[PDB]
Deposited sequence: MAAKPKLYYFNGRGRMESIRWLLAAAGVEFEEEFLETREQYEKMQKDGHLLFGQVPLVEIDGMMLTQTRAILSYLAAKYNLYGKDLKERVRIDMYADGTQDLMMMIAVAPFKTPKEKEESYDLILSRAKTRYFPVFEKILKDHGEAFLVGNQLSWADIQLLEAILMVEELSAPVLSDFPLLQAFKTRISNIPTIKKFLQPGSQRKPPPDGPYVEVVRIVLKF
């Protein structure tokens, strides 16, 4: 893999996460300023003219959720059956939603709502999905790319309001046991590919391209 995107989280972060959890080493190449983008464009790399771009298996993939489902299947993180995979995809969607609210929030002049939506909407669902089947994992007793989604979502909400999650026991226990999976652990250790929350001129590298 060779990921192309900014030196920030955005739309790639969930991909880095999925790679990392797969135990797959990747290289990046940051879009710093304006000219870089216009070059990739006109060298025929960016399909519909927009990043992410992820060079992998000789192909230059380019639309976000497209790439996730290639990865998540290549490296066996989508279930066995369509019924398992649809549960994954469903979960993966909600989280995906939640995060993207956060990811886009810095560009405004919402956070208190994302909190209402996490505390009241998303977490309670995941909490009883874990409760109702007890199990260590979300779908079918195996590490699925949905678990990798939920965790990333948890810490992403946690970064805005750390308490947040106490009320959800099974989830606290989830966070622990999944953070302690070799690949996830290594990806969370201080000197990592993992990227920060959006700050200042992340927002303005991105407005300048």
item	value
Deposited residues without C-alpha coordinates, grouped into stretches that follow sequence order	1-4, 114-119, 220-222
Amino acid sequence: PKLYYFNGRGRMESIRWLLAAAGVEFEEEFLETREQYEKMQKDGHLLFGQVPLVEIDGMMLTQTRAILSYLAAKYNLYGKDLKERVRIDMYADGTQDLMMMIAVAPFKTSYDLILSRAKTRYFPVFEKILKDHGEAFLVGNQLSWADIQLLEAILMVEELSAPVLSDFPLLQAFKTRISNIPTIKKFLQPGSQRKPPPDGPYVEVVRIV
From here on, numbers count along this sequence of modelled residues.
property	result
27-35 versus 172-180 - greater average Cα B-factor per the deposited record	27-35
Stretch exceeding the other in mean C-alpha B-factor - 98-106, 74-82	74-82
Residue of maximum C-alpha B factor among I114, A136, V125, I88, per deposited coordinates	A136
Cα B factor band for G49 (lowest, middle or highest third within the chain)	middle
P196 - Cα temperature factor, lowest/middle/highest third of chain	lowest
Assigned third (lowest, middle, highest) for the C-alpha B factor of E158	middle
Modelled-residue ranking by C-alpha temperature factor, third containing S166	highest
Where the record places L143 (Cα B-factor, split into thirds across the chain)	middle
